[PDB]
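Reading through the structure tokens given below for one structure.
4 protein chains.
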Amino acid sequence: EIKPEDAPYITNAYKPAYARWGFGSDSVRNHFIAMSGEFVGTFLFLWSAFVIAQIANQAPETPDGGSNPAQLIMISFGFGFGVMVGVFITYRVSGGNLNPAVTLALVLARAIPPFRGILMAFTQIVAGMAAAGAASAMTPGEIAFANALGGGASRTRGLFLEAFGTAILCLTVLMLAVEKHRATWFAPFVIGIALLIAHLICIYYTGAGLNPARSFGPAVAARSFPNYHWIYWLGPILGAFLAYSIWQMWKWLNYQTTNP
Amino acid sequence: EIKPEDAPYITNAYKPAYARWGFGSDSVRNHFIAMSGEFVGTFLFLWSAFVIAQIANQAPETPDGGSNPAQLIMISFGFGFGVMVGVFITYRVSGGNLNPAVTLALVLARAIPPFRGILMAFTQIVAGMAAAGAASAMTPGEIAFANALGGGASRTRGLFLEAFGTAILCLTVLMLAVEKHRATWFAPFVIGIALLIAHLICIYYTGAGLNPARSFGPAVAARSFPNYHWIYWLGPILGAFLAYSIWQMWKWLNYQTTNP
Amino acid sequence: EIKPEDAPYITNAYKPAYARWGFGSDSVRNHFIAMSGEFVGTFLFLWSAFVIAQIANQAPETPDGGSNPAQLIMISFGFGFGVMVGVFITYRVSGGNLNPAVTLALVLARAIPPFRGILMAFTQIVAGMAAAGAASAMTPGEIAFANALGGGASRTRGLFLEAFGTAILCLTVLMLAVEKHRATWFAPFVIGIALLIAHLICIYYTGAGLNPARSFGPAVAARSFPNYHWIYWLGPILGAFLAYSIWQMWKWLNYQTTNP
Amino acid sequence: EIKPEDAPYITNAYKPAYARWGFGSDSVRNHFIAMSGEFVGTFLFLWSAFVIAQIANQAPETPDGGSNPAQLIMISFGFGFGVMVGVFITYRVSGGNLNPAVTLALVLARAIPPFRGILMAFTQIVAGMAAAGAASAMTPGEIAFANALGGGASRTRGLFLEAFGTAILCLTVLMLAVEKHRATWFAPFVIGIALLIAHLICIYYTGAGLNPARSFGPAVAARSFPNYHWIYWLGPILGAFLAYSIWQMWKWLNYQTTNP
Ligand SMILES: [Ca+2]
Ligand SMILES: [Ca+2]
Ligand SMILES: [Ca+2]
Ligand SMILES: [Ca+2]
Ligand SMILES: [Cl-]
Ligand SMILES: [Cl-]
Ligand SMILES: [Cl-]
Ligand SMILES: [Cl-]
Ligand SMILES: [Cl-]
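Residue numbers (the authors' numbering), protein chains in the order written: chain A, 14 to 273; chain B, 14 to 273; chain C, 14 to 273; chain D, 14 to 273.
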């Protein structure tokens, strides 16, 4: 027997909001709810992570262009744990996308409809601008959290790094959050670890975009766009399409069932 | 079928104590239970974290005021994992607030009544004093775990850093621990990660208060109050109010339901 | 009561694929599903981890052959968190073995049949080749992610380090993923931590193979096989047999039941 | 509806073995099962952690006696994650105590009977000896994983550090693993984090004993007992008694119930 006072804890699924956006979803109320979750979540994630990167980039310079593992770990924690917290907070509000590339994968998977998806992506972009301006104002010194190529990487290598890192993130969302099972509630944790490793892959070489809202906001705030800024848009878009493609193949194959 | 010997493991919700404080709660017994949980939890959390900070601050000095990412990670682990353990231990005792700013958010949300909340906040303060005195006595050298501004931050920047970091913590409590669902049991983990990232944001600039009991106790023990000590009270109070405000908006909107 | 829209989240077990490979499993469809999961999972895990190791190995050299704890932690995170993500993504596809030594333990335990197991191990090997070639092409500089003895270890010490580290990994798989209980869904997390600690044990001394597909692929890509390369095959094979042996003893004893 | 093939995953509690040691438990079979779990678990935990400490202690020396945060984090990960893995593997075998101080707390709480408890503690001691000898033989150089006072700590400070760190560990076991609820399955994770923070507290000052089997085995292997070795026995024993005392007070108060 479950006592009545325990029942909500046992019966109420901790499921992404988009799983329950059916008929009735096109109200102004419901669009505002989704937008508010994406705004709050994206702001808190990116603001946190930008300040952490600002601090980490005050570490003494490493000679000869070498890497600084502790620095890279710190920045990776700021984005990976930051997104973890943001998605846990907003999971039942908006689904915690916090990333236009994530929303695009979800639109392709027909988890989120296109108009709602556009509203969410524009909200994420505005939140990233706001986060960049707030982190800039709140920290001494010049902005140190904008994306740039490093570590000898070319534009072409950077594009592929960005695309594969984004694919890992998006495939995690699809398999854990979109698919419906007893680990869906835990997806925010796995999404955070995916982003953590994508930052360990990419910071040194690309600064780790993985998220057009993350790359755009600091560029506006610093009034500085490298000519290669397009990699931070195309790379994540290609990663979203790659992840979708793999998910769609497995859905076509009815992966979860031995004997369909 | 569930075997009888397994039933408690399956049916007994691991829910914060305050969720079940209704009629009968105003007994001396029940107030003592709540106070004892907050005392034990806050002591063990802050004592642990103060000793860890003491050790981390014995690292060789970084030139030119630069940051030391490994040092910052270590201190962040001491507070973030420390609070994680403290809240898991005391979740069903007192609810594991361990922070007057957390209790204030819970009072505003009507999760905890005001008198009980005052008792809990005074207990947390006394525990923080005790923890500071014990960490001082048990470690060689001068106290190295008091809060101070650094990294070029002004008082005004420090106030806002403190407020936003505290907001992140408090919004995590509200959405995961107060809201009733299948992830409420896991809230202590997410609360610890929230505190971890708030320390990665704040240590370098403010020393990371985020908790008036954490800032006050070392100040008493070192017999030293900077004139800006008020930021460590007002900042977290403002963060608690911000987090409450966002939660209250979502409750007003019935966020969890598509068609109310 | 569980609402119908919540039911899948509550009822659908997040269980490894091999748990449900009975009659009907020998179709071409089902073999392709298993192979695709192992390919995708092993590629994403090893590619990620190889790039992270490449970066970590750009850290300034430590004098006198000493260790660099932050470097070792970074590499350990790349493999341990990398495998965590890979197994969570592929758990219901292929079971997320990602390691021929893991598949061998599962074959010995009769969790996976021999022919399917061979298909999975050959797929993992090809994925490791592909991952090594892609990480090589995508990063500047020479390959820095191949296995080699270091830290003064002899071949014989390295063989035993490899064997015991692999045993820890394989025993975790057996007790958490093969055994059927309320923590089976969480096995991917524990498997990742097991691999993390096995890397903290082995990187300094052997480079941390723990996985013949991980050791072979970089060796092909660098066109370089040390004469001691056999330790990276025999060590993990012996660890798989050790882990199996302990599991089998406990199964023979009916460990989970007081009164059989 | 739960499908029959999913039922074991949903119904079989992942509960410590000692929870089900009632009538029938005094067979030779059952004592051997408990001993084998403690042997395997304690060996794998301590062997892992000793090798990791050996490596971490090859880091370049820090001037002036200062601390090395990355080194301390690495050693803390080896013990905290090591114990996590060991307890998850052995939870349903022996309950995963892996520490005579833990077993003593459980005996005081009447979770484990005294004779069984003595068998388990002697097994842990022998496993720690075996682990120390194996880590010694498998690594080049002198043993670097024995406990010693450092960081300016006196014997008396070290005794109290050891006692409080052990209390944190033991109180976590009692509240999460002994108490029966929906988070009992997760206790191994929390136990690992508790041990992680206890190492961040103690390594610098005492070497972090926290476990008489951990302190004794290296001392035998190095043929070296400091005259203060008793702190590594009395400290953890006092911590076990402290944790018991707090748990017992809360049990006496019926902490989990508002209106008994
Ligand atoms: Ca600035
Ligand atoms: Ca002192
Ligand atoms: Ca290259
Ligand atoms: Ca040796
Ligand atoms: Cl509608
Ligand atoms: Cl359940
Ligand atoms: Cl009352
Ligand atoms: Cl078949
Ligand atoms: Cl008996």
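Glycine is no exception: its CB is placed at the ideal position from the N, C-alpha and C atoms.
Pair within 9 Å by beta-carbon distance, residue i and residue j
i, j, result
"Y27 (chain B)", "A166 (chain D)", "no"
"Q137 (chain C)", "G79 (chain A)", "no"
"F90 (chain B)", "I86 (chain D)", "yes"
"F158 (chain D)", "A32 (chain D)", "no"
"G141 (chain A)", "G252 (chain A)", "no"
"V106 (chain D)", "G205 (chain D)", "no"
"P21 (chain B)", "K193 (chain D)", "yes"
"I156 (chain A)", "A221 (chain A)", "no"
"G50 (chain D)", "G130 (chain D)", "no"
"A114 (chain B)", "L223 (chain B)", "yes"
"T152 (chain B)", "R170 (chain D)", "yes"
"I102 (chain D)", "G54 (chain D)", "yes"
"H212 (chain C)", "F92 (chain C)", "yes"
7 Å Cβ cut-off: residues of chain B touching residue i
i, result
"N25 (chain A)", "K193, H194, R195"
"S149 (chain A)", "Within chain B, no residue comes near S149 (chain A); the closest Cβ sits about 11 Å away, beyond 7 Å."
"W265 (chain A)", "Result: empty, since nearest Cβ-Cβ is about 29 Å, beyond 7 Å."
Partners in chain D for residue i, counting only beta-carbon separations shorter than 7 Å
i, result
"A83 (chain A)", "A83"
"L182 (chain B)", "What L182 (chain B) touches in chain D: nothing, since even the nearest Cβ is about 18 Å away."
Whole-angstrom distance between residue j and residue i, CA atom to CA atom
i, j, result
"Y104 (chain D)", "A30 (chain D)", "6 Å"
"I210 (chain D)", "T271 (chain A)", "45 Å"
"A118 (chain C)", "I125 (chain B)", "52 Å"
"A207 (chain D)", "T185 (chain D)", "7 Å"
"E74 (chain B)", "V96 (chain B)", "27 Å"
"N112 (chain C)", "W246 (chain C)", "11 Å"
"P273 (chain A)", "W34 (chain C)", "13 Å"
"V120 (chain C)", "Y268 (chain C)", "21 Å"
"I214 (chain B)", "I181 (chain B)", "11 Å"
"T179 (chain C)", "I259 (chain D)", "40 Å"
"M133 (chain C)", "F36 (chain C)", "19 Å"
"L187 (chain A)", "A176 (chain A)", "16 Å"
"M262 (chain D)", "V41 (chain B)", "15 Å"
"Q84 (chain D)", "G163 (chain D)", "15 Å"
"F173 (chain C)", "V203 (chain C)", "23 Å"
"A190 (chain B)", "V64 (chain D)", "40 Å"
"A143 (chain C)", "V100 (chain C)", "18 Å"
"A145 (chain C)", "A161 (chain A)", "25 Å"
"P76 (chain C)", "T219 (chain C)", "19 Å"
"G248 (chain D)", "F56 (chain A)", "47 Å"
"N25 (chain D)", "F94 (chain B)", "30 Å"
"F52 (chain D)", "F58 (chain A)", "44 Å"
"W60 (chain B)", "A148 (chain B)", "6 Å"
"residue 280 (chain D)", "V233 (chain D)", "Because residue 280 (chain D) is not part of the residues shown, which for chain D are 14 to 273, the question remains open."
"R168 (chain C)", "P225 (chain C)", "16 Å"
Interface partners of residue i on chain D, CB under 8 Å
i, result
"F101 (chain B)", "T185, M188, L189, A196, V203"
"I86 (chain C)", "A83, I86, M87, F90"
Contact set between residue i and chain C, taken where Cβ atoms lie within less than 8 Å
i, result
"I210 (chain D)", "Those do not exist, as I210 (chain D) stays about 16 Å from chain C at its closest Cβ, beyond 8 Å."
Under 8 Å by beta carbon: chain B residues contacting residue i
i, result
"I259 (chain D)", "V53"
CB contact check: residue i to chain F, cutoff 9 Å
i, result
"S61 (chain D)", "Annotation note: the requested chain F is absent from the structure, which comprises protein chains A, B, C and D."
Under 7 Å from the C-beta of residue i: neighbouring residues of chain C
i, result
"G91 (chain D)", "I210, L213"
"residue 6 (chain D)", "For residue 6 (chain D) there is no data in the structure shown, the boundaries of chain D being 14 and 273."
Neighbouring residues, chain C, relative to residue i (Cβ below 9 Å)
i, result
"residue 277 (chain D)", "The structure shown does not extend to residue 277 (chain D), since chain D is modelled only from 14 through 273, so no value can be given for it."
"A69 (chain D)", "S80, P82, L85, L213"
Chain-ordered chain A contacts of residue i [CB-CB under 8 Å]
i, result
"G37 (chain C)", "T271, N272"
Partner residues on chain D for residue i, Cβ-Cβ distance less than 9 Å
i, result
"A72 (chain B)", "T75, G79, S80, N81, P82"
Chain A residues whose Cβ lies nearer than 7 Å to that of residue i
i, result
"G95 (chain C)", "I210"
- Message: My parser needs the alpha helix (DSSP H) runs of 4 or more residues fully inside the segment 201-248 of chain A; what are they?
- Response: Segments of the alpha helix (DSSP H) lying fully in the segment 201-248 of chain A: 225-234.
- Every unbroken alpha helix (DSSP H) inside the segment 125-192 of chain A [4 residues or more]: Secondary structure remark: continuous alpha helix (DSSP H) runs of at least 4 residues inside the segment 125-192 of chain A, in chain order: 127-151, 168-185.
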